[PDB]
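Here's the structure, in structure tokens; my notes come after.
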Amino acid sequence: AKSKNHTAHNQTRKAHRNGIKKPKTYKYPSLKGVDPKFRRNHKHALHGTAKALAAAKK
Amino acid sequence: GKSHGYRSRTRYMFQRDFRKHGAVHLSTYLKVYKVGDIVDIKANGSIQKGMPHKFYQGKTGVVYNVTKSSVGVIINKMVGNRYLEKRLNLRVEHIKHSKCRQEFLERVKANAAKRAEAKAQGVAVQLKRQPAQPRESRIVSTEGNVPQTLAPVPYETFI
Amino acid sequence: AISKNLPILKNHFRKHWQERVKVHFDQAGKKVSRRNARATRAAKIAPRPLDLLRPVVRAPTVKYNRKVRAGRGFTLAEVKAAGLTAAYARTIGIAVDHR
Amino acid sequence: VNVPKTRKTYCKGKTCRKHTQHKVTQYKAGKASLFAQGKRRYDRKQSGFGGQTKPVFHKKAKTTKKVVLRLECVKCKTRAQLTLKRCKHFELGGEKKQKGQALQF
RNA sequence: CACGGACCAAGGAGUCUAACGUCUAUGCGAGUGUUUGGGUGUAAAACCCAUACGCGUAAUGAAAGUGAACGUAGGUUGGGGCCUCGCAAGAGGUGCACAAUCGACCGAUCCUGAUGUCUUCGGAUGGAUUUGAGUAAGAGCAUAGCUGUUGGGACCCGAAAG
RNA sequence: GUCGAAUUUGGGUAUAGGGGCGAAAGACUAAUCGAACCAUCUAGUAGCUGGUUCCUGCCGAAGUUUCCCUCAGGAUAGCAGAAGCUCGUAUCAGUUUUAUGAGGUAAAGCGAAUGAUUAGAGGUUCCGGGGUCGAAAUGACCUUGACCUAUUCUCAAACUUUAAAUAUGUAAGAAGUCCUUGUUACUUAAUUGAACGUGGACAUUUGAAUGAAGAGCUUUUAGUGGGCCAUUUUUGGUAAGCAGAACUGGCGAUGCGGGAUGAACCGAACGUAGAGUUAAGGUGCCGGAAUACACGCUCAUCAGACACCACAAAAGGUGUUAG
RNA sequence: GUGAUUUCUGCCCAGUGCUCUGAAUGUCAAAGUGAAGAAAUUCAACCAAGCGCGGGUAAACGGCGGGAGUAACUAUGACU
RNA sequence: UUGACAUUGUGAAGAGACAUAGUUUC
RNA sequence: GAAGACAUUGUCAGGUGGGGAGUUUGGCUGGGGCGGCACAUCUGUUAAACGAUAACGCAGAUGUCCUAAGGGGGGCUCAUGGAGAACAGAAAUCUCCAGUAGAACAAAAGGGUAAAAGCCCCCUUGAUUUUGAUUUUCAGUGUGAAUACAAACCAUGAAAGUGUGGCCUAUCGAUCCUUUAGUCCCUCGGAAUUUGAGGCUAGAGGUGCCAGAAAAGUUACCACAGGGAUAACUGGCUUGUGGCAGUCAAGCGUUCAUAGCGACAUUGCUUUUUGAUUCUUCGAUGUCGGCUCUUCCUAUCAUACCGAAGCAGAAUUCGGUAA
RNA sequence: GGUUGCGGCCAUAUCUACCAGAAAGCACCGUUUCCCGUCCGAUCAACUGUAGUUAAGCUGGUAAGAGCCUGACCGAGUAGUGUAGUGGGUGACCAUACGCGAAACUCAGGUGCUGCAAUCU
Ligand SMILES: C/C(=C\[C@H](C)C(=O)C[C@H](O)CC1CC(=O)NC(=O)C1)[C@@H]1OC(=O)/C=C/CC/C=C\C=C\[C@@H]1C
Ligand SMILES: [Mg+2]
Ligand SMILES: [Mg+2]
Ligand SMILES: [Mg+2]
Ligand SMILES: [Mg+2]
Ligand SMILES: [Mg+2]
Ligand SMILES: [Mg+2]
Ligand SMILES: [Mg+2]
Ligand SMILES: [Mg+2]
Ligand SMILES: [Mg+2]
Ligand SMILES: [Mg+2]
Ligand SMILES: [Mg+2]
Ligand SMILES: [Mg+2]
Ligand SMILES: [Mg+2]
Ligand SMILES: [Mg+2]
Ligand SMILES: [Mg+2]
Ligand SMILES: [Mg+2]
Ligand SMILES: [Mg+2]
Ligand SMILES: [Mg+2]
Ligand SMILES: [Mg+2]
Ligand SMILES: [Mg+2]
Ligand SMILES: [Mg+2]
Ligand SMILES: [Mg+2]
Ligand SMILES: [Mg+2]
Ligand SMILES: [Mg+2]
Ligand SMILES: [Mg+2]
Ligand SMILES: [Mg+2]
Ligand SMILES: [Mg+2]
Ligand SMILES: [Mg+2]
Ligand SMILES: [Mg+2]
Ligand SMILES: [Mg+2]
Ligand SMILES: [Mg+2]
Ligand SMILES: [Mg+2]
Ligand SMILES: [Mg+2]
Ligand SMILES: [Mg+2]
Ligand SMILES: [Mg+2]
Ligand SMILES: [Mg+2]
Ligand SMILES: [Mg+2]
Ligand SMILES: [Mg+2]
Ligand SMILES: [Mg+2]
Ligand SMILES: [Mg+2]
Ligand SMILES: [Mg+2]
Ligand SMILES: [Mg+2]
Ligand SMILES: [Mg+2]
Ligand SMILES: [Mg+2]
Ligand SMILES: [Mg+2]
Ligand SMILES: [Mg+2]
Ligand SMILES: [Mg+2]
Ligand SMILES: [Mg+2]
Ligand SMILES: [Mg+2]
Ligand SMILES: [Mg+2]
Ligand SMILES: [Mg+2]
Ligand SMILES: [Mg+2]
Ligand SMILES: [Mg+2]
Ligand SMILES: [Mg+2]
Ligand SMILES: [Mg+2]
Ligand SMILES: [Mg+2]
Ligand SMILES: [Mg+2]
Ligand SMILES: [Mg+2]
Ligand SMILES: [Mg+2]
Ligand SMILES: [Mg+2]
Ligand SMILES: [Mg+2]
Ligand SMILES: [Mg+2]
Ligand SMILES: [Mg+2]
Ligand SMILES: [Mg+2]
Ligand SMILES: [Mg+2]
Ligand SMILES: [Mg+2]
Ligand SMILES: [Mg+2]
Ligand SMILES: [Mg+2]
Ligand SMILES: [Mg+2]
Ligand SMILES: [Mg+2]
Ligand SMILES: [Mg+2]
Ligand SMILES: [Mg+2]
Ligand SMILES: [Mg+2]
Ligand SMILES: [Mg+2]
Ligand SMILES: [Mg+2]
Ligand SMILES: [Mg+2]
Ligand SMILES: [Mg+2]
Ligand SMILES: [Mg+2]
Ligand SMILES: [Mg+2]
Ligand SMILES: [Mg+2]
Ligand SMILES: [Mg+2]
Ligand SMILES: [Mg+2]
Ligand SMILES: [Mg+2]
Ligand SMILES: [Mg+2]
Ligand SMILES: [Mg+2]
Ligand SMILES: [Mg+2]
Ligand SMILES: [Mg+2]
Ligand SMILES: [Mg+2]
Ligand SMILES: [Mg+2]
Ligand SMILES: [Mg+2]
Ligand SMILES: [Mg+2]
Ligand SMILES: [Mg+2]
Ligand SMILES: [Mg+2]
Ligand SMILES: [Mg+2]
Ligand SMILES: [Mg+2]
Ligand SMILES: [Mg+2]
Ligand SMILES: [Mg+2]
Ligand SMILES: [Mg+2]
Ligand SMILES: [Mg+2]
Ligand SMILES: [Mg+2]
Ligand SMILES: [Mg+2]
Ligand SMILES: [Mg+2]
Ligand SMILES: [Mg+2]
Ligand SMILES: [Mg+2]
Ligand SMILES: [Mg+2]
Ligand SMILES: [Mg+2]
Ligand SMILES: [Mg+2]
Ligand SMILES: [Mg+2]
Ligand SMILES: [Mg+2]
Ligand SMILES: [Mg+2]
Ligand SMILES: [Mg+2]
Ligand SMILES: [Mg+2]
Ligand SMILES: [Mg+2]
Ligand SMILES: [Mg+2]
Ligand SMILES: [Mg+2]
Ligand SMILES: [Mg+2]
Ligand SMILES: [Mg+2]
Ligand SMILES: [Mg+2]
Ligand SMILES: [Mg+2]
Ligand SMILES: [Mg+2]
Ligand SMILES: [Mg+2]
Ligand SMILES: [Mg+2]
Ligand SMILES: [Mg+2]
Ligand SMILES: [Mg+2]
Ligand SMILES: [Mg+2]
Ligand SMILES: [Mg+2]
Ligand SMILES: [Mg+2]
Ligand SMILES: [Mg+2]
Ligand SMILES: [Mg+2]
Ligand SMILES: [Mg+2]
Ligand SMILES: [Mg+2]
Ligand SMILES: [Mg+2]
């Protein structure tokens with residue numbers, strides 16, 4: 001008893017109903033997978049400049 | 001049965017370009033990448049470490065990380081009906097700065113200028129691009145150039 | 001028989017459980033019955049109260065030992081100290097616990 | 001494959017915590033005691049009637065085993081395991097490959 | 001040129017229950033739930049109630065255990081609405097919910113190991129591409145309904161068998 | 001067939017269901033036997049077969065992905081409904097343009113590499129073999145081989161320097177561009193850089209086109225998980241109304257006009273109706289609609305007559321036509 | 001098991017079975033023995049029948065070869 | 001089927017140990 | 001009288017035990033079975049120049065092998081060919097020239113590589129330690145394999161550097177359980193010490209039907225739920241094979257291609273061969289042959305009339321109208 | 001302009017055969033005590049810059065040179081291809097419509113450009 005094995009028939013019809021949604025985009029993306037040595041430093045850098053602003057609001 | 005390893009189907013893709021084998025020229029290593037840069041991806045077959053998978057050949061993405069011998073590139077790949085974010089660790093040998101952007105950067109830098117050149121003068125700018133327009137009228141002269149009359153030519157064999 | 005994102009459940013209904021279903025339809029009846037029992041016993045029991053003097057006692061275990069609670073009966077020492085014997089204590093409506 | 005009987009490699013015991021000389025040897029399973037809870041649960045399960053009460057594997061396919069190296073730091077005494085690719089012939093005794101010699105007689 | 005069905009009446013198949021997911025309505029709300037039981041009655045109703053208990057208000061570890069503010073309970077970007085100016089268009093101020101991102105807090109893991117000590121107990125403090133169904137001015141508890149889930153004769157009728 | 005005995009036969013009596021009894025057939029054990037009958041466990045289980053009861057309104061599928069003792073079944077994703085929720089000129093796009101990449105198919109190529117392949121021509125042997133001269137020769141001369149040089153005819157799914165068309169990644173700004181100069185434990189020879197910032201400057205021709213019954217987002221759940229067909233690309237097969245892929249469009253789930261007929265072709269997609277005009281297809285009669293106009297061709301003692309489509313070939317004619 | 005009479009009933013005990021006045025230092029249970037241990041326990045020795053070894057057995061189940069050569073034509077092959 | 005334990009007692013001879021008095025075991 | 005603490009019996013222990021019980025006895029598949037593995041994979045092609053993509057498609061390969069064939073460093077240049085040197089020959093060893101790789105790099109194949117990734121030498125264990133992120137397969141789960149960083153500790157080199165196994169693309173494995181390594185850490189719940197046991201972290205023992213059951217046959221004595229998702233039989237597409245008929249004309253035929261024939265080629269037709277397919281029928285359309293009986297086709301065996309002949313006559317052969 | 005050291009693009013730089021090259025540079029070149037490496041001071045190491053030379057390296061020029069590079073209505077709007085028809089044809093295939101559009105070929109032109117630093121009649 002054999003049957004069809006494979007086809008893409010009708011698959012792009014299905015993907016286009018709800019649509020192929022474009023990637024979606026953020027200002028400030030995640031630092032996921034960014035160099036730890038960088039991030040460690042970036043963390044103190046930021047801390048530093050925050051301080052220097054809250055200070056400038058003494 | 002079937003076969004679908006990593007570098008499957010890539011015979012001509014990662015192949016090396018006629019009379020261009022060997023050491024990669026040093027300019028490939030002197031180039032410099034910063035997070036945010038736009039890069040095109042294309043595999044140097046002679047550089048097995050740090051290779052893009054063949055799906056990403058011909059593809060263009062953005063740098064998100066700079067590493068000792070590499071850059072991390074984010075490519076948007078569509079699976080099913082949606083894109084997912086992909087992150088690539090590529091050695092600098094498999095990447096170049098895309099010029100997909102120069103026409104923009106060059107156009108911006110220029111757009112500022114003729115805006116200054118207008119304003120300062122007393123406006124009237126118009127600096128959006130425009131499609132090819134149809135042609136205007138014109139008068140073609142016959143002088144030195146009377147029209148040659150051609151006709152269709154008979155059937156003939158040569159052989 | 002497993003689908004969707006649902007919690008895994010444990011409904012023990014794999015025996016002939018429909019043969020052991022007690023529905024308390026007789027909740028009202030029993031209450032009434034229990035009330036009549038008390039009215040009856042009160043009457044038989046002349047002027048005595050329906051219950052016995054139970055002792056105070058500190059509840060067991062770290063969890064309830066903060067609270068104090070009715071105990072079974074008084075203890076031979078208690079009874080003695082309150083100036084009575086237990087045989088008599090028992091007839092005078094007081095509960096006595098040798099344990 | 002033949003591997004050396006000694007190995008300068010990383011020793012991760014509180015006081016060594018550096019590359020030290022290790023003696024290399026090959027792991028052998030170890031006798032099974034009754035009184036492991038498994039054997040205990042199994043012996044109870046198997047008593048009385050009702051025959052074999054637990055599956056018994058037959059459909060064997062592999063013809064090798066991954067070799068494991070016991071590695072003992074001669075200083076701090078401590079041992080590390082290290083497991084090798086599937087091979088069919090293993091030794092750690094010597095006999096190194098040799099330069100460019102004739103085939104004998 | 002597959003099956004059922006000559007005809008007609010009458011019967012004739014997604015149900016109820018335990019425990020659930022989402023959604024919604026209602027009561028109350030850091031709580032909530034009178035109905036095991038007691039009280040009471042015009043008597044299985046309606047009305048009333050003490051102590052517990054259950055879920056929630058804390059998490060994280062296999063465990064012993066430990067246990068949620070550097071700060072206006074943080075910074076950044078967007079943000080309805082409101083506020084201020086303006087005739088208006090607009091500008092600025094504030095920005096709940098929600099979203100993205102970077103931090104801080106609690107537990108686990110790893111590291112650091114102060115003042116001290118029944119000299120091996122003690123574990124302050126500052127940390128780490130680690131890790132949690134967490135904190136960060138609570139949202140739950142209950143009743144009820146549609147739909148869906150598992151156990152049940154389980155939509156109804158049907159084995160050869162044991 | 002046998003008919004005086006291993007004969008026929010009444011009644012009584014024994015053997016009972018994994019049991020009996022068997023001159024043995026799996027026979028017989030009350031029309032029941034390769035395990036009797038009765039009741040109960042029991043509404044046994046069923047991925048299988050059958051059926052599943054009122055109307056109208058709106059929306060509207062799948063036969064694909066992945067895993068499964070999986071292949072007539074599930075789970076998972078997709079497709080579908082419902083509920084909405086947060087916002088709104090906003091952001092959006094099965095499209096174009098512009099700019100900038102990727103690719104090795106079609107074609108092409110072979111007096112370019114690899115591999116095949118037809119033919120000569122001219123070379124080269126102390127050196128592959130024959131043969132004449134020879135005492136031989138690293139001798140001479142013919143001879144046929146290979147090899148070399150420049151030519152020559154022909155080829156490739158698993159060959160190629162070149163190399164399309166169609167298809168395909170990214171970009172076309174306020175999340176932008178420029179000036180000033182703060183933070184750090186990273187990094188530099190270095191206040192050097194890198195990343196994140198403060199303060200300042202420029203508004204809708206702010207940075208192509210076209211469109212936008214808006215855009216984003218969340219939960220949950222049905223059916224489905226046999227598919228089949230046509231144009232084009234295309235594998236296996238002599239071939240198939242055969243078996244298997246690719247992209248789209250359809251049929252399945254869909255009536256309506258045409259193709260007489262017909263799931264899939266052509267036209268065209270449906271609320272109840274009037275008037276009009278068309279599609280595809282027709283207009284001698286059947287049959288609504290010119291036995292219309294116009295130039296040719298064709299005469300068949302088995303003419304011909306409309307795509308899909310319901311078949312005809314090599315070959316041949318001093319029939320006729322035009323060249 | 002075979003199946004009246006008559007006649008005959010060959011060779012094979014390696015295998016599977018069956019069977020035995022066999023042998024024995026190989027294997028081998030519970031109890032009992034010994035050693036270690038604080039004990040739980042661990043190890044050892046001894047050790048029944050059986051198994052293994054040796055013998056018997058086909059009117060037990062069953063079995064009962066293959067390749068070359070060779071005689072005065074050829075063929076055949078007593079013979080190797 | 002084979003072993004051990006229990007049913008299981010009494011003598012005698014012979015082996016076996018505290019290591020060549022008899023409690024004990026074959 | 002016999003027999004005698006032995007038999008017997010009771011309880012455990014080993015042997016034996018189809019007499020009996022219970023159960024099992026893969027999947028894909030042009031039906032099923034035998035086979036093979038398209039069942040977990042790798043290279044090239046099919047594949048239609050991004051990616052994806054099927055068939056029991058095509059040509060192959062995988063369950064390994066390596067203490068160096070891993071790591072670092074220096075030096076060097078390979079296949080082949082020419083011309084040269086006692087014994088020495090086609091092939092021994094020595095030299096120079098040419099040499100884009102025509103070699104070599106475990107292995108299939110593809111890619112890659114020349115002061116190297118090949119060959120020779122020198123030093124070595126980074127094939128190590130911790131725990132995350134990422135790419136392929138994808139559900140964006142797992143597993144395999146791989147990438148780029150962080151934090152250690154080392155190797156090598158004058159150094160920049162390189163090194164987290166083998167130049168790249170394959171070379172493999174859950175839960176339970178056992179076992180080992182780890183810290184000397186948690187628990188054993190009335191309190192302790194010590195054995196024992198149990199937890200935590202990371203490995204090994206393996207599932208090849210490779211997301212991973214513990215598994216022999218027979219049924220013609222057979223049984224059930226289904227299947228026209230599926231074979232055997234009519235019928236349908238096909239026409240390789242079978243059968244039948246042509247075209248060309250080298251030959252056959254004393255001479256002479258075509259009276260009668262006909263090679264090498266090549267165009268067809270037929271559906272009483274056989275295959276190929278699997279559309280319809282498995283809740284039934286009862287096989288083969290014969291008997292009987294009707295009707296039809298023509299590719300005509302006889303009978304009517306003809307044209308040919310290597311037709312003298314007789315006989316025959318070829319052809320036409322003819323069923 | 002030459003030359004050298006370090007280079008970028010990596011043949012317009014390569015290959016074959018000739019010839020020309022001042023000045024400096026580079027080179028060839030002399031040596032073997034010392035570090036160092038070899039069967040061999042050929043390479044590699046050191047020492048002299050003295051003793052010698054443009055022969056070679058190097059650089060440049062020549063050639064109806066081989067190769068390579070660039071261009072063209074040279075071939076060719078050809079081959080191929082996206083879209084269309086109830087177009088032709090038994091078929092194999094082929095025309096047409098709206099677009100995109102090669103490779104070979106042929107001919108012409110060319111044969112390294114250039115950055116940093118030091119040096120030179
Ligand atoms: C196969 C075995 C070990 C495997 C590594 C393994 O993990 C098996 C696994 O434990 C099976 C369990 C898993 C589970 O979750 N539940 C189960 O019930 C079964 C054992 O085999 C052998 O080691 C040798 C085996 C050689 C042959 C002889 C014996 C096999 C025994 C072992 C079954
Ligand atoms: Mg099937
Ligand atoms: Mg089929
Ligand atoms: Mg299917
Ligand atoms: Mg393949
Ligand atoms: Mg590697
Ligand atoms: Mg219950
Ligand atoms: Mg049950
Ligand atoms: Mg009752
Ligand atoms: Mg009371
Ligand atoms: Mg027990
Ligand atoms: Mg230790
Ligand atoms: Mg029909
Ligand atoms: Mg049916
Ligand atoms: Mg009927
Ligand atoms: Mg009715
Ligand atoms: Mg009242
Ligand atoms: Mg009452
Ligand atoms: Mg009370
Ligand atoms: Mg706790
Ligand atoms: Mg503690
Ligand atoms: Mg910030
Ligand atoms: Mg504002
Ligand atoms: Mg603000
Ligand atoms: Mg913390
Ligand atoms: Mg943890
Ligand atoms: Mg929780
Ligand atoms: Mg909770
Ligand atoms: Mg149900
Ligand atoms: Mg039944
Ligand atoms: Mg029954
Ligand atoms: Mg059963
Ligand atoms: Mg029986
Ligand atoms: Mg029975
Ligand atoms: Mg019985
Ligand atoms: Mg029989
Ligand atoms: Mg009956
Ligand atoms: Mg039922
Ligand atoms: Mg039933
Ligand atoms: Mg099924
Ligand atoms: Mg609709
Ligand atoms: Mg399985
Ligand atoms: Mg399926
Ligand atoms: Mg069905
Ligand atoms: Mg290709
Ligand atoms: Mg090709
Ligand atoms: Mg081609
Ligand atoms: Mg061609
Ligand atoms: Mg070409
Ligand atoms: Mg060629
Ligand atoms: Mg030519
Ligand atoms: Mg596009
Ligand atoms: Mg696009
Ligand atoms: Mg608009
Ligand atoms: Mg709108
Ligand atoms: Mg759904
Ligand atoms: Mg679904
Ligand atoms: Mg589903
Ligand atoms: Mg189905
Ligand atoms: Mg169509
Ligand atoms: Mg259907
Ligand atoms: Mg339609
Ligand atoms: Mg008519
Ligand atoms: Mg009419
Ligand atoms: Mg046509
Ligand atoms: Mg028709
Ligand atoms: Mg004519
Ligand atoms: Mg017999
Ligand atoms: Mg007989
Ligand atoms: Mg007899
Ligand atoms: Mg005889
Ligand atoms: Mg004999
Ligand atoms: Mg025998
Ligand atoms: Mg024993
Ligand atoms: Mg035999
Ligand atoms: Mg005895
Ligand atoms: Mg006895
Ligand atoms: Mg007995
Ligand atoms: Mg038996
Ligand atoms: Mg049986
Ligand atoms: Mg099968
Ligand atoms: Mg099957
Ligand atoms: Mg078959
Ligand atoms: Mg098979
Ligand atoms: Mg398949
Ligand atoms: Mg499989
Ligand atoms: Mg693999
Ligand atoms: Mg592709
Ligand atoms: Mg895919
Ligand atoms: Mg290779
Ligand atoms: Mg080099
Ligand atoms: Mg290893
Ligand atoms: Mg999983
Ligand atoms: Mg993995
Ligand atoms: Mg190597
Ligand atoms: Mg594998
Ligand atoms: Mg341990
Ligand atoms: Mg303890
Ligand atoms: Mg405790
Ligand atoms: Mg206890
Ligand atoms: Mg302890
Ligand atoms: Mg212990
Ligand atoms: Mg499987
Ligand atoms: Mg599987
Ligand atoms: Mg099995
Ligand atoms: Mg059976
Ligand atoms: Mg069928
Ligand atoms: Mg035929
Ligand atoms: Mg035929
Ligand atoms: Mg034929
Ligand atoms: Mg026939
Ligand atoms: Mg001829
Ligand atoms: Mg003639
Ligand atoms: Mg002739
Ligand atoms: Mg059929
Ligand atoms: Mg049938
Ligand atoms: Mg039927
Ligand atoms: Mg019938
Ligand atoms: Mg009939
Ligand atoms: Mg005829
Ligand atoms: Mg005639
Ligand atoms: Mg004649
Ligand atoms: Mg007739
Ligand atoms: Mg007729
Ligand atoms: Mg000079
Ligand atoms: Mg010397
Ligand atoms: Mg010298
Ligand atoms: Mg030197
Ligand atoms: Mg000169
Ligand atoms: Mg030079
Ligand atoms: Mg030239
Ligand atoms: Mg075309
Ligand atoms: Mg057409």
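Residues are referred to by chain and number: the chain letter is A, B, ... according to the order shown in the structure tokens, the number counts from 1 in that chain, and ligands are numbered separately from 1 in the order shown.
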inquiry  = List as a list in words the protein and nucleic acid residues lying within 9 Å of ligand 95, with only C-alpha atoms (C1' of nucleotides) and all ligand atoms counted.
reply    = residues 68, 69, 70, 105, 117, 166 and 167 of chain I
task = Determine, counting only C-alpha atoms (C1' of nucleotides), which protein, DNA and RNA residues have an atom within 12 Å of an atom of region 53-62 of chain D; residues of the same chain fewer than 4 positions away are not included. Present the result as a PyMOL selection string.
result = (chain D and resi 41-49+66+86-88) or (chain I and resi 63+172-173+176-177+205-210+212-215)
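For the pair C1' of residue 12 (chain I) and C1' of residue 42 (chain G), the separation is 24.3 Å.
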All residues having an atom within 12 Å of ligand 76 (only C-alpha atoms (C1' of nucleotides) and all ligand atoms) as number ranges by chain = G: 48-49; H: 2-5; I: 6-7
Could you write out that same residue set with N, CA, C and O atoms (P, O5', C5', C4', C3', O3' and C1' of nucleotides) as a PDB file, in the first residue's frame?
ATOM      1  P     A G  48      29.194 -35.178  46.157  1.00  0.00           P
ATOM      2  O5'   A G  48      27.616 -35.222  46.323  1.00  0.00           O
ATOM      3  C5'   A G  48      26.993 -36.222  47.099  1.00  0.00           C
ATOM      4  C4'   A G  48      25.536 -36.282  46.756  1.00  0.00           C
ATOM      5  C3'   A G  48      25.214 -36.506  45.295  1.00  0.00           C
ATOM      6  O3'   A G  48      25.311 -37.867  44.930  1.00  0.00           O
ATOM      7  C1'   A G  48      23.849 -34.794  46.159  1.00  0.00           C
ATOM      8  P     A G  49      25.824 -38.292  43.483  1.00  0.00           P
ATOM      9  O5'   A G  49      24.569 -38.162  42.514  1.00  0.00           O
ATOM     10  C5'   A G  49      23.336 -38.788  42.817  1.00  0.00           C
ATOM     11  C4'   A G  49      22.188 -38.063  42.163  1.00  0.00           C
ATOM     12  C3'   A G  49      22.377 -37.727  40.708  1.00  0.00           C
ATOM     13  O3'   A G  49      22.128 -38.829  39.879  1.00  0.00           O
ATOM     14  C1'   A G  49      21.541 -35.840  41.819  1.00  0.00           C
TER      15        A G  49
ATOM     16  P     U H   2      15.984 -40.225  44.239  1.00  0.00           P
ATOM     17  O5'   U H   2      17.079 -39.127  44.616  1.00  0.00           O
ATOM     18  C5'   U H   2      18.305 -38.980  43.924  1.00  0.00           C
ATOM     19  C4'   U H   2      18.979 -37.685  44.323  1.00  0.00           C
ATOM     20  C3'   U H   2      18.918 -37.299  45.797  1.00  0.00           C
ATOM     21  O3'   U H   2      19.873 -37.973  46.587  1.00  0.00           O
ATOM     22  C1'   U H   2      18.319 -35.440  44.493  1.00  0.00           C
ATOM     23  P     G H   3      19.694 -38.154  48.171  1.00  0.00           P
ATOM     24  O5'   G H   3      20.069 -36.727  48.747  1.00  0.00           O
ATOM     25  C5'   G H   3      21.415 -36.321  48.921  1.00  0.00           C
ATOM     26  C4'   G H   3      21.474 -34.898  49.398  1.00  0.00           C
ATOM     27  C3'   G H   3      20.911 -34.634  50.773  1.00  0.00           C
ATOM     28  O3'   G H   3      21.884 -34.896  51.750  1.00  0.00           O
ATOM     29  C1'   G H   3      20.075 -33.025  49.255  1.00  0.00           C
ATOM     30  P     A H   4      21.505 -35.416  53.208  1.00  0.00           P
ATOM     31  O5'   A H   4      21.133 -34.099  53.984  1.00  0.00           O
ATOM     32  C5'   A H   4      22.023 -33.007  54.008  1.00  0.00           C
ATOM     33  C4'   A H   4      21.321 -31.777  54.501  1.00  0.00           C
ATOM     34  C3'   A H   4      20.439 -31.967  55.719  1.00  0.00           C
ATOM     35  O3'   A H   4      21.174 -31.940  56.914  1.00  0.00           O
ATOM     36  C1'   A H   4      19.236 -30.779  54.085  1.00  0.00           C
ATOM     37  P     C H   5      20.699 -32.823  58.164  1.00  0.00           P
ATOM     38  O5'   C H   5      19.471 -32.014  58.785  1.00  0.00           O
ATOM     39  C5'   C H   5      19.617 -30.641  59.118  1.00  0.00           C
ATOM     40  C4'   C H   5      18.296 -29.986  59.397  1.00  0.00           C
ATOM     41  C3'   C H   5      17.334 -30.782  60.244  1.00  0.00           C
ATOM     42  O3'   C H   5      17.646 -30.737  61.617  1.00  0.00           O
ATOM     43  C1'   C H   5      16.182 -29.934  58.386  1.00  0.00           C
TER      44        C H   5
ATOM     45  P     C I   6      16.506 -42.547  60.395  1.00  0.00           P
ATOM     46  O5'   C I   6      17.392 -43.415  59.422  1.00  0.00           O
ATOM     47  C5'   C I   6      17.177 -43.356  58.041  1.00  0.00           C
ATOM     48  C4'   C I   6      17.022 -44.712  57.418  1.00  0.00           C
ATOM     49  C3'   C I   6      16.025 -44.689  56.308  1.00  0.00           C
ATOM     50  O3'   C I   6      16.550 -44.092  55.157  1.00  0.00           O
ATOM     51  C1'   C I   6      15.651 -46.594  57.628  1.00  0.00           C
ATOM     52  P     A I   7      15.593 -43.091  54.400  1.00  0.00           P
ATOM     53  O5'   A I   7      14.503 -44.116  53.847  1.00  0.00           O
ATOM     54  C5'   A I   7      13.152 -43.756  53.746  1.00  0.00           C
ATOM     55  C4'   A I   7      12.287 -44.920  53.370  1.00  0.00           C
ATOM     56  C3'   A I   7      10.909 -44.507  52.905  1.00  0.00           C
ATOM     57  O3'   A I   7      10.902 -44.143  51.551  1.00  0.00           O
ATOM     58  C1'   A I   7      10.680 -46.198  54.502  1.00  0.00           C
TER      59        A I   7
END
task = May I ask you to write as a PyMOL selection string all residues lying at most 9 Å from ligand 122, with only C-alpha atoms (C1' of nucleotides) and all ligand atoms counted?
result = chain I and resi 256+259+310
task = Please report as an MDAnalysis selection string which residues of chain A come no farther than 9 Å from chain I, using only C-alpha atoms (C1' of nucleotides).
result = chainID A and resid 1:8 32:37
